[PDB]
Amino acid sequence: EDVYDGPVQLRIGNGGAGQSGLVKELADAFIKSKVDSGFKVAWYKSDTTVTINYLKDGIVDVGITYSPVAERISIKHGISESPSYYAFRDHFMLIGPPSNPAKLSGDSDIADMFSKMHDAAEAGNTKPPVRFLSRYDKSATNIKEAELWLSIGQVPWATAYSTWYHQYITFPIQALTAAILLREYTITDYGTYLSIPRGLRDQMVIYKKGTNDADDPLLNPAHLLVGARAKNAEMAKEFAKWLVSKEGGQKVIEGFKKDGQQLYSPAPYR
């Protein structure tokens, strides 16, 4: 999808971070420190499932993923080296229209917010009606909201199909833009939010933003996986080590900005 120059000696499979520009900064910083001391870095666009599939078929050397369980299983299969590397922390957010037809209260737990939206959507007698936008595309965001609905015992997509469960299958920015224009609630991410026009942000309200607390459902941890059969093995090991060092990777992440805001939080202290 794009190669950075600071011979290809490092292939990374990822979705959101490359799409946000972080993979560029990271790669240019790594190439920098290896040459600045004693090559190009190619980025392959892929969701977590594919990234792991690539590591398995040796298409990429490393992969930044967003699923601790999938990561653990990839390692159990010998697809990935043990252990995984905590790279950075992204955050999901529940946003909705200023009219707040679901009457969500900022202090409520995210699960109770979902319970409230469901009942209000089922009542269908609000102005505007309560609707929830799902990217319905197997992405980390889709997994997240699907997870949240199930957490309160609901399956909106299953028969006796919940018509207020709105399938708008597109990339992050378009989906958030659509939710705002249509006056619907939706789970989105911090980076996508900072990507839309300021004007649109005034046509929506942030009802819940993920924190860095380890058990916050809206926390979106990113880990790096080193392929077991990976080509350029020693460099994948080099990148992995560099990425988590306060000196390299963590410094670049702590300073990576978008719309004048730090996009991601550094990995937890270790």
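Heads up: residue numbers just count along the shown sequence, starting at 1.
**Student:** According to the PDB entry, how many deposited residues between residue 6 and residue 7 are absent from the model (none, 1 to 3, 4 to 9, 10 or more)?
**Tutor:** 4 to 9 residues are missing.
**Student:** Is there a break between residue 38 and residue 39, and how many deposited residues does it span: none, 1 to 3, 4 to 9, or 10 or more?
**Tutor:** Count of unmodelled residues in between: 1 to 3.
**Student:** Between 65-73 and 232-240, which has the higher average C-alpha B-factor in the PDB entry?
**Tutor:** Stretch with the higher mean C-alpha B-factor: 232-240.
**Student:** Select between 173-181 and 107-115 the stretch whose C-alpha atoms have the higher average B-factor in the entry.
**Tutor:** Here the higher of the two C-alpha B-factor means belongs to 107-115.
**Student:** Name the one of 31, 214, 205, 218 with the greatest CA B-factor according to the PDB entry.
**Tutor:** The record points to 31.
**Student:** Highest Cα temperature factor in the entry, among the options 191, 98, 124, 197: which one is it?
**Tutor:** In this record, 124 carries the highest C-alpha B-factor of the candidates.
**Student:** If you rank every modelled residue in this chain by C-alpha B factor, which third holds residue 82: lowest, middle or highest?
**Tutor:** CA B-factor rank for residue 82: highest third.
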